[PDB]
Structures are given as structure tokens and as C-alpha cells.
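Same chain, two forms, each on its own as C-alpha cells: structure 1, then structure 2.
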Structure 1
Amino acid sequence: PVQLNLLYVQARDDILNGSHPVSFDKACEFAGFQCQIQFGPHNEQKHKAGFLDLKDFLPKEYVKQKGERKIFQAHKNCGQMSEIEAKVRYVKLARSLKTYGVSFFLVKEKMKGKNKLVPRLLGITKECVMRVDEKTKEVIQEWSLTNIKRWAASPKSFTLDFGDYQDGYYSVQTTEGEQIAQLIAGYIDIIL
């Protein structure tokens, strides 16, 4: 039980603070689990609009989304679920997500359609590099570390060369081009 509470607090905190990027729908699902755990089964007369301080149940980016309704719906579908069970379900859900355990970096993509830069989520794992929608948290494009020919890290950007995979590179604006590059180099070094 105690081990379960450590895993829970970690997964919850990583979601609430943004460390673990998730969609709006998923954020409300967790909230539901969080509510059950903190308040017990949903109660119409005790748990009514305004009861929840959205700041403690959703990631910053989702507070002003008026999703309290979605949360109470998630809380309601928990039925008479015990705290332990809800905790268990919280973690499993977090671990089942494509974004779980992925080191992310907030970068900016310069494309056509305009001259403005589109913020984007860049994730690095021990076996791949992924482009994630800054908002939807959906995976736009994913690359295999083995497809990387070379990379360039400047104090203002980072570039990836896949050589024989696709035409052109993939550059983004970031002040962590160094951090990202080192991360990749290390992972690649262990594969061989």
C-alpha cells in the first residue's frame, strides 16, 4: 500500500505540473481518479459546481477550460471504487500513455503558412525521437534513433539529419540544443 502511494504521488505530480504531458480528456480522467481518492465516491449534494479548485486537479494549461463537468463525470463513473483501487487505476493509466517516461523539450517550429513559429513538444526516449502536439499531446511524427545520421546543436537551435529516410532535416528553436543533443548521443551510445 505504501509503495502504491509513492507511485501515485509521483505520477499525479508529474501530470499536474506538466512534466508528463497529457490531453485534456486524459487530464479530466485523472482528475476523476484524484477526486474519488480525495473525497470518496461522488455525491451530488456535496460535490456540486464550484466545489473543486481546478488549480489542484488539472495541469495549468487546462485550468481555464471549464472542464469541471468532465471531471465530475469521470468522478461519477468511478462508482463506489476504493481509494486503493482508484490509485491503482491512476498509475496504470499514466503508464499506458505514449507520453509516459518521455523526456520532453518545448521547442518552436518554423514552417510555411506564416512567418510565426509554432511551439512544439519534442520527446526523447532510449529508442526514438518524437514530435508531439503542444496542445493535443498527439504524436505527429516519430523517428527511430537508428535513422539518425547526424545532429547539430547550436545555442539557439537543434538540428536532426536522418539522411536516407526523408528529404530535408528537422530544425527547431531552443536554448537547450545542448541538453537535447547530449541526451540523444548517450542513448545512441548504448544501443550499439
Structure 2
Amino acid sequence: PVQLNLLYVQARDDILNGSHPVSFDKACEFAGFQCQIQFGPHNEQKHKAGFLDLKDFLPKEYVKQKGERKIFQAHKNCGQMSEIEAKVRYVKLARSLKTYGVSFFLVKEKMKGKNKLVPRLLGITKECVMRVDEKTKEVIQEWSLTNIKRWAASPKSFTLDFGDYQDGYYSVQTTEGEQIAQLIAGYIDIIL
């Protein structure tokens, strides 16, 4: 229909502006479908070397990463696919990722057994809380909301208590603990 363009624009914009954080590889695959959309079917003679301005095709954190090559592989791989469906495979691919429609906060964790803070993406959905790598965007751990028993925000931190689901609270340094808590408190009220 026409919805598919509105949806495409929205999924696409979220990845470009960083609201939907994705791995480099996926960024590129997305860029591949965006090329198919904006440029039609790939052509090795036109779609060349400095043909793309990467700042309109990748999230800011990946522009200086030298991605043209693999954006072009993902573009080639589309072939004579049409805008309409290229747009749909993008929206499908986005939907396919565990990061899709998660609210994310950049926090800091203390490494277990070490006096060292690491940056970390903490994500909150409907269903779960998840720890995600700042660089790779790997989902390194998830907890169901149903396993969260208590929580507390301060102006400097946020802390979860999973009760007898695991040993140890999970706790992060953040200036956004209140928002994080309101998100989670909302979702858990809703599950009733």
C-alpha cells in the first residue's frame, strides 16, 4: 500500500538517528536495502567508490568505519528487486532484531570482580529488561519483567532485585534512573 513507505521511513530514520541501535553489519545490510530504494538496482559502474555520502546511510557512530564495500555487497545482493519490496525487507529485517522497539539508556556497569566501569546499553520493553553491548549491539543478557521483584532509582543509579531468580542485584550508574524506573513500573502495573 502506502503505509509501507511510512513504516520504512520510520524504521530507517530510527536506525540512522541512533534510536534503534544496531550492529555495524546490520547497519550495512540496512544501507544495502536503502541503496536499492534510493538508487534502484545496483550497477558496478555507477554505484562506485565515493558515490554514497555515508552520513545519510549509517548511524553516526559507524560513518568513520569504512563501510562502503559491504553496503555495496548488500546492494548487489538485492538485484532487480523493486523499491516496494526492498522497502519491505528492510522493515522485516528491523522487525527481526531483538533491539527493535526497545527503549535504551547508556549506563555504566561495574565489572564483576573488578573496580572498573564499562559503558552499557540497558533496554526496556513490554516483556523484558536487557543488557546490550555498546559496540556490537549483542544482547548479552535478558530478564523477564516477571522476574523483577523490586527496583530503586537514585539521582546517580538504578538497581534491580530479581529476588530468588538470581543471586545479586543488578545495578548501573545513570542520571536517568527515574525514567528507567517509570518505564518499568508502568509496564509491570500493566501486566495486571
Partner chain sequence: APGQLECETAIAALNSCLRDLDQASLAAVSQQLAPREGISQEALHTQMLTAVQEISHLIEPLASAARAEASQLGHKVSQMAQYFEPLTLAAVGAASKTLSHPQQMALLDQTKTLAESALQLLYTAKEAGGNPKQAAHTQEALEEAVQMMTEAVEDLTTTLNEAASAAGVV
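The term rigid core refers to the most C-alpha atoms you can superpose between the two forms while keeping them within 1.5 Å. Sequence positions of structure 1, starting at 1, serve as the residue numbers. Residues that one form lacks are left out of the comparison.
As for origin, structure 2 is the form solved in complex with the partner chain and structure 1 is not. Core-superposed comparison between structure 1 and structure 2: CA of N115 displaced by 2 Å or more. After superposing on the rigid core, the C-alpha of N43 is displaced by 1.1 Å between structure 1 and structure 2. Shifted region between structure 1 and structure 2 (3+ consecutive residues, every CA moving 2 Å or more on the core fit): 112-116 alone.
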